[PDB]
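Take a look at this single chain, the form deposited without the ligand, given in structure tokens.
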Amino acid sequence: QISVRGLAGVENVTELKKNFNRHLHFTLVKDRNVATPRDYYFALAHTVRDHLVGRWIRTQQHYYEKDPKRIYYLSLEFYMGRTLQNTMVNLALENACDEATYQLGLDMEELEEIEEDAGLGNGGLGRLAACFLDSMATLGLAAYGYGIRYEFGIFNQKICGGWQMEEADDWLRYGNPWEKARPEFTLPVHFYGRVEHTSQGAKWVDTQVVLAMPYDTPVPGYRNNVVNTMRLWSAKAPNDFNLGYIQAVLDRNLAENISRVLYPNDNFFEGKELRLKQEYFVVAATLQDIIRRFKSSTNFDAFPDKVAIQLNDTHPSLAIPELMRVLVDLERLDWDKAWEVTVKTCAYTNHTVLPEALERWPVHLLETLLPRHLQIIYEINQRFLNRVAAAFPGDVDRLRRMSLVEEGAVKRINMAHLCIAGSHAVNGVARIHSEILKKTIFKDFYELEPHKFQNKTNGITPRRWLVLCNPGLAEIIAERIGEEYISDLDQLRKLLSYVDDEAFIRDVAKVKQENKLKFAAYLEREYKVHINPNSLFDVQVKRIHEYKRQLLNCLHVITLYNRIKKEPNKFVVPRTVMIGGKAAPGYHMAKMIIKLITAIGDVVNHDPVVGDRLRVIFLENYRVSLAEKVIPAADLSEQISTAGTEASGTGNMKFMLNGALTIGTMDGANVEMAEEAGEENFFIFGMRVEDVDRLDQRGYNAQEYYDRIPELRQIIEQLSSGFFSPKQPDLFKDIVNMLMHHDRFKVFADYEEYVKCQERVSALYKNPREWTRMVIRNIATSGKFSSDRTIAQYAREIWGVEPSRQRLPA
């Protein structure tokens, strides 16, 4: 149908149809008379999968022959979403499959909706890992993603009576056609036990053994015939485990619980034993696999020349003492040599500065679970602090501040300090964040080893986040500038030449209108809720957190409502305000915020005086596949975290690529986005980091804002008095109390500037031509935020490898 979706040659279409029918018959054991649409989805998935396998085998064979340096990306989260369309895009099969299925009497878009998301992540950090795998394959790197195959990913969110309910995400129920179990490469992982000292060093003995069984998923590059591997570990009990009889068999679940469920915490540390087991499990199985692959090529001097290990946050930080354990206890290298190898192999990416997110494991936990690793951590600490003492003699407070061991009520290990000591590179995820790391939380470490500290600004893959989710926009762009931008996003800069082109203006605006109608239709059919498609689509989608300030958005919504009620017959730009995202099940305030959003909706959406001028929708079950629908439909992107709290953001970049304008603070990657587009083409408001610091030194007093802003006072009075909860007048007392007395994120301090900035948005939206021109300026300068740029920087500045755009033979 459309050019970016590839060729539909008669030979290819015929072959796809034959293979579809073969899988339906032989693989699924169905005929056309009994087949459900789910069976048709599976027949298509297996047909497309067949096209991957040749390239997958040849890619891995190629890496064996050429022996390049291998990149190992260690993450506890891979937020993959659906695989079918992404695979078709990267293999240039989309139009052919569309044609083949049409001829079989089927709608491919309908079949695509049947696939479950691989929801093996929480939010930004998890989705970053997924975008990165796509870029690494596209750039021809010998890269492997290593993680856990969770049986249950991020919970499915249902809204009942305005409240979040959690349901198990049983994503493997119907099978996963993309994975290949590899039980032949099963590896043992050890837990508990004790340390024995011989004349030949330490021995870790009397351990409990859990098996790690790998499952491999293909990761296709964009049209280069490269197919890399994501290897995810599943926990299995040994067959003599606990071996009255019946109970011993049932107790196998105790071992296998390690890979059962993703911890649903986003930017929050929960110090639970099962989480620690997951962290060690992924690390121990991965490192054995790495060493096995290295040895098939006892000289560990060349180890850092053949292996890079990237730690996604501190979650796999145990890689550092585990590598030391293997090199020293098993391979019998001396400490200093092993340490040199370790440091040169490992690199660490920090994702947040929020104190409650930092992993600080109780010593007593590590002592029981991982007694040898604790000894190694103590030894690392002693040697590191000796270096600190020599560099800064007599500075006793620095010693205390930099220690990997934290003193207190409970002794803890600071995993971030372990990662810095044991890595040759430490990076933040946006320029402002990397600067904050050097100035504040890691200042001491930066003074000791300035060379370790880098920036690598986050990015997103333009495959999933443009071509896949917004084919209409990808096409109108391709018509003018060709197809090369899909793997070289900087080429979007050529679009600045069309900012005064009347044909292009009309096409950009038409693509947006079509996306909005399609999403408006989606909401009716699937959620029985009506929206006006002519309204400004005002969208905030991301995990629910106090720092992200969904509450500030709520205050604006209520302000707009109060202004309409005060002057009903005055013209206002119509808005659909959409907020979506999950709260961690134990995060009470975030759960209260969701209830507030729905309660506001209950009032606003049913008030006849408002009409269709304002609508407030909570988008249920926000996840990757929902993002692919809502982002192309958005006019306004809400990126309103308190300055200095959102390390980068990536949702911000997705909206910019897809033709929404941004209202945002100077936080995270927003700063770089505004710098790329021009500040005049962005809706910037609020305190800068420096303003927040100044307010903190003086002391934040919320009462002052309440006293001075009559519109703010009225909202607080409405909240307190039960206006939004008539049957439970004090329902929102916790929210009011937090805002008035202990708001860490200074919601009130940005309220006035935010409301005023929102008026400027409404003014611009009244002039469609000028709105669209600003949109064009945003799309045209979004090139920097491709994860291809990010990965090329990691490859050159951290991993010491050259990216390649060259095709492997088909």
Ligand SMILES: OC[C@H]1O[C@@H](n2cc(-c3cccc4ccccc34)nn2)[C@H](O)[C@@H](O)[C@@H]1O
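Just count from 1 along the sequence shown to find any residue number.
The same protein has a further form, the form solved in complex with the ligand, not shown here; the description that follows concerns it.
Transferred by C-alpha superposition from where it sits in the bound PDB entry, the ligand brings 3 or more atoms within 2.4 Å of the backbone or C-beta atoms, leaving the site blocked. This chain is displayed without the ligand, yet in the bound PDB entry the stretch 266-274 from 501-509, 692-700, 266-274, 723-731 comes within 4.5 Å of it by heavy atoms. Within 4.5 Å of some heavy atom of the ligand in the bound PDB entry lies at least one heavy atom of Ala647. At least one heavy atom of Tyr547 is located within 4.5 Å of the ligand in the bound PDB entry. The ligand in the bound PDB entry comes within 4.5 Å of no heavy atom belonging to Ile735. At a distance threshold of 4.5 angstroms between non-hydrogen atoms, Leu370 is out of contact with the ligand in the bound PDB entry. Just one of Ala357, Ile476, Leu739, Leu495 comes within 4.5 Å of the ligand in the bound PDB entry, counting any heavy atom, and that one is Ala357. Residue-level contacts in the bound PDB entry: of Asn458, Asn90, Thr662, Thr642, one residue has a heavy atom within 4.5 Å of the ligand, and it is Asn458. With contact defined as any non-hydrogen atom lying within 4.5 angstroms of the ligand in the bound PDB entry, the contacting residues in 341-356 are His351, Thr352, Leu354, given in sequence order.
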